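So here's one chain in two forms, each on its own in structure tokens, numbered structure 1 and structure 2.
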Structure 1
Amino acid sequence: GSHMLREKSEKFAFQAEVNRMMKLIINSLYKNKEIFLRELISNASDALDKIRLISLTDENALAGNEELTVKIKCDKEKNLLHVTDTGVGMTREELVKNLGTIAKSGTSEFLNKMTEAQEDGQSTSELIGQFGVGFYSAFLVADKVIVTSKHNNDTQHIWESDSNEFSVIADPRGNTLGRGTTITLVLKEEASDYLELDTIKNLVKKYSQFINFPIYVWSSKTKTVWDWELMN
């Protein structure tokens, strides 16, 4: 089965509106980059509310993973930041549509709302959250953004992009998440500070204060043992 790889059927271009939105976010929040974490944690919380709602009516909802958490891991050696939730997850089709295109039926209005909020010197920090496009703020600190996800209705898939295009492939590691999503950031050289535990704990603790689900950060304590530390 070499049809898929040889035909590049795993490669996609972003919808024009998304390209424009990514640029708007990056040029508006250039001064407050740390907000990407708040947006990822917020998306995580939302994904967990969704599976929680589904579990109300679907008895098999939490079979792939019994917990409802958000776990963060800093891999300094690999220069990677991971944010994992055991939320509803996304199917292969959802990864392409939810991350590659924009809807909300208020795109143009928000498109003019973002620019106007950045030509008259305003804040776009609260706007991106409102329109549900916080995910893209990840590019403020990452050269590469990777999304591994497992939804009950599909097999585990990986989405990856450097903002100039994106690809979606079946995860060769198989089903490792159970259910949920991991956002993996390959940090820009200048964003290395986010590989520091103290910086992440302070930020996470700062943005986890109003999150109803438990958020942990893989951290070290004193020999030197590692384990999940509750932040909220």
Structure 2
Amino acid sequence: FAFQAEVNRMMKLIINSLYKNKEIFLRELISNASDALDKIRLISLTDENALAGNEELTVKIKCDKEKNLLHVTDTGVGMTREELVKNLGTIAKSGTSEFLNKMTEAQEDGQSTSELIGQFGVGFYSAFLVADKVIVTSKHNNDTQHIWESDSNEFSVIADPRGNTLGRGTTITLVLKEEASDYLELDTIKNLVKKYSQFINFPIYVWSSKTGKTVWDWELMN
């Protein structure tokens, strides 16, 4: 079961190389954060206690060069354990068996190679254009806080032992590929965030520096 994995993994490295502008992954994550915030905002207009777990409605992005991570946190509706498993799990899980079934299916169904490569640049899966691993921490009003992890081959989900630290919402943590180190650069992230947040109805911030000494804090990008 090691050879199939070498073909699976390699197949992805080639398709990723077709994406010169991988920056779209950030547009997709912001779009999902926006959708989650709109959902809880809509709910709050009917239920006065819907925001009890976390009164703010924001998207906050932070870089961690030491750990080589990019965090995109929203205080949207969040996801229950089942949602992490059914929604993200089926989407991210493209291992040996999954990738082949989708291939033959695409083969039979008459799906163009173009239609295939395009699936790599849209939605949640687009995170893998720049990440070796994706970690999702989420808290939905109807469940406890959970952590989901995937390398695009397998995925696991376990209750967060830190308990409810998000209040409500989701953090998408990307363990970036070596060649995606550019997305750990403050100037690049601020530029891209500003680029894709022009239509979201909520404040988006990037953890940035400001200069008695250099202090870091949330900087409004839209």
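Just so we're on the same page, residue numbers count up from 1 along structure 1's sequence. If you superpose the two forms and keep the largest set of C-alpha atoms that fall within 1.5 Å, you have the rigid core.
- The residue among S28, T181, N43, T184 whose Cα moves by 2 angstroms or more between the two structures, once the core is superposed, is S28.
- Once the cores line up, the CA of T107 ends up 2 angstroms or more apart between the two structures.
- Fitting the two forms on the rigid core leaves the C-alpha of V133 displaced by at least 2 angstroms between the two structures.
- When the rigid core is held fixed, the Cα atom of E93 travels less than 2 angstroms between the two structures.
- Summarising the core-aligned comparison between the two structures, the C-alpha atom of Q209 is found to shift 1.1 Å.
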